[PDB]
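Examining the three-dimensional arrangement
Here is what each chain is made of, one letter per residue.
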Amino acid sequence: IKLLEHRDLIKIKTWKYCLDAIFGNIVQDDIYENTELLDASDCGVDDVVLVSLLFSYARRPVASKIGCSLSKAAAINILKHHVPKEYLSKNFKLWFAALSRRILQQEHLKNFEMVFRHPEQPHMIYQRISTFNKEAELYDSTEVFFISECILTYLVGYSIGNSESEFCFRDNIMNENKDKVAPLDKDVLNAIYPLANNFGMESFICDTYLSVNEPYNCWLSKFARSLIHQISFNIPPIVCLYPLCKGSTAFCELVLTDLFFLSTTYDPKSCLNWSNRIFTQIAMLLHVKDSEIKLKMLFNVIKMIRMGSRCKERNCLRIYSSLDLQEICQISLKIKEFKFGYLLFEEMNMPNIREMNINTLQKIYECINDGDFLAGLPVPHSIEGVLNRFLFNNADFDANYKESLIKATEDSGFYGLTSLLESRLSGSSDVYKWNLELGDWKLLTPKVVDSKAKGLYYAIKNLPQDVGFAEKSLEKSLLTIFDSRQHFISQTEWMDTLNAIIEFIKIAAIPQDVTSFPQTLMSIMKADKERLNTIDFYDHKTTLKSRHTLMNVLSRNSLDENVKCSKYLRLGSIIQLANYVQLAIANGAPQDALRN
Amino acid sequence: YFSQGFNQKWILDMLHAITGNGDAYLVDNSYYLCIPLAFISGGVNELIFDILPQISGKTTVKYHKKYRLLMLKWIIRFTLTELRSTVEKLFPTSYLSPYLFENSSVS
Amino acid sequence: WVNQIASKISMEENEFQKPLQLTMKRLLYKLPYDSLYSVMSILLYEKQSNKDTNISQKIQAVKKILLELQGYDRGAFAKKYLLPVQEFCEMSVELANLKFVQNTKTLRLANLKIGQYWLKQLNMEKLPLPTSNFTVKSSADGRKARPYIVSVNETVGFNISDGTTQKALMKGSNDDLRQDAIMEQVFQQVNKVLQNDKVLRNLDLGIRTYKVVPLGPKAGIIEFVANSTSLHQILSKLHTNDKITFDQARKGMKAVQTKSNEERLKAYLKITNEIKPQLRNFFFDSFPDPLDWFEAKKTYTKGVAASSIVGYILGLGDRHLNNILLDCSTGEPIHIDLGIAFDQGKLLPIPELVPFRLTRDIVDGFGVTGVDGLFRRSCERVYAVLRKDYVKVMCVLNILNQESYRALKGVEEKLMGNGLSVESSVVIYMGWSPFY
């Protein structure tokens, strides 16, 4: 390291802070753990990945941090491309939480053309190949890596020479196509005969994979034909194509397809593959006969969706469309929606927009959004009601005489009613909500599967010993929130649950003053004032109530020990609760304003 | 490669195997396998390449070299090497130190 | 309200106008980077067309305001940006006015030919953006703009951030002729209200989009590659198969001439023959995004769910399909260059019944996939929400003669009225392809 480190070169601070550690300590808490030139992100993802270890390998976690080194594009790399789950967390995950709001505050046409453009020239294939070779796995020591280089050489290497007039024709002049490939190769590619050394079929591949035969082999899609779903499946679909145009393919295509023996990730290329195979006709209609036969895996449906989607996409270019116009209508208008697809259904209504309903199709239409009025016909005229508020619904429900009323009841302000209406029964392994609004707990320890306000509540009420020992339980509680979320219970915005526990992490011990303690306190005042975003005025009153419970539980356990800080912090508490109320109220139901 | 080396020793199915050959001038390209062995073989260092071949064409005797040499080096099947690298480095290269560094490293 | 500040600068320096001017001068001196429009727009029309009153006096007054601002950074230095920006605008306006060469073929570019609108693309260094966007906080130092990167034009075909950009022209477009800036201010109001309602942090619509209409420099909905096309163009291009399309085009003419009334028994009642669901085409195929086939539709529909309430709120006329935008990927239709903001229950011939215009296109646009009747939830909320603030909304719209008052109050009555809850809205008068 010294041998090359002392070259000094440029930038320095990022890698300097990094190199200064390993051997002993790490330090640079003010900087590396907080306000250093960020090493965290710029371009690629290797930056966001290495930076975590700088927090993990000692240093004061982030210490207090307070500020930042700014972000913007960095914020994106950090939250979007990073995600290296394994072990480099601890102080780093604490750092992520230390970011939180600062990050949130920041916030195939070409193939379609090809489908009805010179079919005689596989220009899309050449464009994808060049793009792939320019940037791919970026060194993983695998056979993908090895083969990628092996084939790029037959492309350009044969083209730049013997093809002469063609030479990766498409844009091998207009955009200097394959010039980069040439820079990367232009050598004596083992004679296509050398494909025998590519491990490839050296005899099977395209010649062997007859499409009709493949369809017959695939007939065992009964179920035991999933052993590789999304793998052998995708490969076979392409293998069938390889045979379909084994002869119509360009010179030396056989070396490529051949070697490709046991090769995948070509899925984006597979659209170009079948598009120009045979091209004129496909009187086998293999993709028609299989309208919905092979049920071995849902992915395979996904591939089939793109297949069908492209078939229509090509037709719309007003082309021959021999398969598409000879394909499938019902099923194509009925089954994909079984699972999903913002087109299985929706698209199905456009070709199917005559005078038809079907309760099932109506269900799907209404289920996916539909502006909360979706085909809002009849109903009112004859017998209305029975359409999802719960106010009246509760009149007739108990008129004859609970979940259909319980959520609707809680939404109507009565926490004091839902807690009794279904204090237990079933469906509510939570109930935590009622206890957190009140601060009672008494549930023994249903800790398994516990997040958002509820996760805060359990961690919050479960505080052994009393005061003074703030730091010890304080750490356990934040970590609990970061680990609970890994069951994805609160996944989407889950990161905001860290803020409630964190303000406690910042204000729980606070031996400073207790008599005036402005150190976390004035900061919270301003933050809550500008604490606008809170998703809605529902969790604002649940995750918040759990945070209020901590204030009171720590105090409950020993408010008397606190003496001088008791006097000040209780003043600070009521004042902030009052400050909250004064700038709040306008943000939600008067019911809560009045209840509290 | 090796049955050709066996020569008289490859007395049974090896001779029969001649009948398994494709007669459509497979040899025009297939003979490269023997030439490749020559690129990656010694002993007699004869017969396998040239003789009834030729057509080096500059390029043929190059295109067939990747697999004729990309293997010839591999053919050592050895793995002392670091010591040999430092000895080879005697040629003089500045980075000759790297070979020595490799020699200085554990096996 | 900056255009209102400019509109309201007048001759009565004794009171109000003095501090009003203080505001204008302060903003132009510290952040000239995002202001010019109103100075140049009044200049251009007045010079080319004034046999009346007050604007000429206004021109003399603006000349003095700007004369001092260009000389008051400390000195003449203000002009380094301020005069340069005014001069660039003036040159562009002259060039557009002079571009009506007629010619014939849809070509004749040769870049700028002799105009310095490309020959000098990197001549003004930072090409002050005539439109686009850039901002910092609540004002701050928000002079940070793509203008630096915008110093490109391209020849006989840029984008500041390599992105993409287009330009609007029609064998000229006289900048001086800019008019109905009011409609544009209404668009500003649409989005302004949308945001004033804090619920916007979840809600949508409101939209807006703007150009440099002050100098008639429309934005081209292009380069965006977000499927923009004029609505009437998709319609005239498709107009073909089934029946014959000319038949309703001719009925929409022949049935009309009268010295009193009667059209429906000549055409409206007959053009209704053979009505089947139709089109689908572009709208179906142009953006196959599966998970996004829908999201694009949903987005579009919601935009159109609101524009129904907002468009049909004012009595804004013209439209006639020709002034409506079509888009895809997402897509949010807007009105283009509309005036006569009153019902106009018959613009010359054609006894317009003045309903919100769907002209079959919306009917199939949603009816085809999303059937119909659900737009209401959004429309009811777009409408009803206005009453929460109510007066807040009106206080702006009141600013934004009896006919004006009547219409304004009429809007208030429309916002309130009585029954509300669900309500509804609305034979047909023809001319404007009133069937598609």
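Scroll up to find the structure this text is about.
Report on the accompanying structure.

Turning our attention to the overall build of chain C. Helix and strand content of chain C: 16 helices and two strands. By the compact-globule yardstick of 22 Å for 436 residues, chain C fits well, its C-alpha radius of gyration being 24 Å. Taken along the three principal axes of its C-alpha coordinates, chain C extends 75 × 55 × 50 Å.

Our next topic: the overall build of chain A. Helices and strands together make up the secondary structure of chain A, namely 33 helices and zero strands. For 596 residues, the compact-globule estimate of 2.2 N^0.38 gives 25 Å, and chain A exceeds it by more than 25% at 32 Å. Considering only C-alpha atoms, chain A reaches an extent of 90 × 85 × 40 Å along its principal axes.

Turning to the interface of chain C and chain A, a few remarks are in order. Contact residues are listed per partner, giving 27 residues for chain C and 27 residues for chain A. Looking at the side of chain C that touches chain A, the elements that each hand over two or more residues are α10 (281–285) and α11 (291–311) of chain C. In terms of residues, the side of chain C that touches chain A owes the most to one element, α11(C), which gives seven residues. Here the side of chain C that touches chain A is built from residues that sort into eleven nonpolar, four polar and twelve charged.

What follows deals with the interface of chain B and chain A. Contacts between the two partners involve four residues from chain B and, on the opposite side, five residues from chain A. The class makeup of the residues in the side of chain B that touches chain A is one nonpolar, two polar and one charged.

This paragraph deals with the pattern of salt bridges. The partner of C:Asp141 in a salt bridge is C:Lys144, with the nearest N and O atoms 2.5 Å apart. Between C:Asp389 and C:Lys392 there is a salt bridge, and its shortest N-O distance comes to 2.9 Å.

Here we take up the packing of helix α29 (residues 497–507) of chain A against helix α31 (residues 543–558) of chain A. Residues and elements named next belong to chain A. Where α29 meets α31, the axes come as close as 9 Å, and the angle between the chain directions of the two elements is 20 degrees. Taken together, the axes of α29 and α31 lie roughly parallel to each other. Every pair of crossing elements has a handedness; the one defined by α29 and α31 is right-handed. Across the interface between the two elements, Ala500, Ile501, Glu503 and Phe504 from α29 touch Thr543, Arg547 and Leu550 from α31. For the contact of α29 with α31, the class distribution of residues is four nonpolar, one polar and two charged.

Glancing now at the side chain of C:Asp364. All names here are of chain C. Following the sequence through the fold, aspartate 364 ends up in helix α12 (residues 361–367). Side-chain polar atoms of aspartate 364 contact the backbone nitrogen of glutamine 278, separated by 3.1 Å. Look past the residues within four positions of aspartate 364 in its chain and what remains in contact with it is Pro277, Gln278 and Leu279.

Residues and elements named next belong to chain A. A centroid spacing of 4.9 Å and a plane angle of 40 degrees characterise the contact between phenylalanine 55 and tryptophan 95, whose relative ring orientation is tilted. Residue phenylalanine 55 is located in helix α5 (residues 53–56), and its partner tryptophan 95 is located in helix α7 (residues 91–99); the two are separated by 40 residues in the primary sequence. Relative to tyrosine 458, the ring of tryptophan 441 has its centre 5.7 Å away and its plane inclined at 90 degrees; by these criteria the two rings are edge-to-face. With a gap of 17 residues between them, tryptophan 441 in the loop between α26 (432–438) and α27 (452–461) and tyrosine 458 in helix α27 connect regions that are remote in the sequence.

The next subject is the arrangement of the chains. Here two pairs of chains are in contact, and chains A and C lead that list by number of contacts. When C-alpha atoms are compared, chain B and chain C, though not in contact, are closest at a spacing of 43 Å.

The next subject is the packing of α31(A) against helix α32 (residues 563–583) of chain A. All names here are of chain A. Two numbers describe how α31 lies on α32: the axes approach to 12 Å, and their chain directions differ by 165 degrees. Looking at the two axes, α31 sits roughly antiparallel to α32. By crossing handedness, the relation of α31 to α32 is classed as left-handed. In this structure, α31 uses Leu544, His548, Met551, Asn552 and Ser555 to contact α32, whose residues at the interface are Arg570, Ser573, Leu577 and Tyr580. Taken together, the residues of the contact of α31 with α32 sort by class into four nonpolar, four polar and one charged.

Another point: unusual backbone geometry. Residue and element names in this part refer to chain C. With phi around 90 degrees, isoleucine 350 is a residue other than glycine that occupies positive phi space. One non-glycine residue, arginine 360, adopts positive backbone phi at about 65 degrees. Looking at the secondary structure, you find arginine 360 in the loop between β2 (325–326) and α12.

Before going further, it helps to examine the environment of C:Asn191. Here C:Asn191 shows up in helix α6 (residues 181–196). With 17 residues separating them along the chain, C:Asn191 and C:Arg208 place their C-alpha atoms 5.9 Å apart.

What counts, and where the lines are drawn
- Residues numbered from 1 in each chain as written, not as in the entry; some residues may be left out.
- Chains lettered and ligands numbered in written order.
- Part of a larger assembly, values for the part shown.
- Heavy atoms only, no water.
- Residues with missing side-chain atoms left out of burial classes, pairs and counts.
- Helix = DSSP H or I, 4+ residues; strand = E, 2+ residues; numbered from the N terminus.
- Rg over C-alpha atoms; globule rule 2.2 N^0.38 Å.
- Contact = heavy atoms within 4.5 Å.
- Nonpolar A, V, L, I, M, F, W, Y, C, P; charged D, E, K, R; others polar.
- Salt bridge = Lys/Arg side-chain N within 4 Å of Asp/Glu carboxyl O.
- Axes fitted to C-alpha atoms, helices over the stretch in contact; angles between N-to-C directions.
- Parallel < 35°, antiparallel > 145°, perpendicular 65-115°, else oblique.
- Left-handed = near helix turned anticlockwise from the far one by under 90°.
- Polar contact = N/O pair within 3.5 Å; in protein donor to acceptor, adjacent residues only side chain to side chain.
- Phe/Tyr/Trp six-rings, centres within 6.5 Å; stacked < 30°, edge-to-face > 60°.

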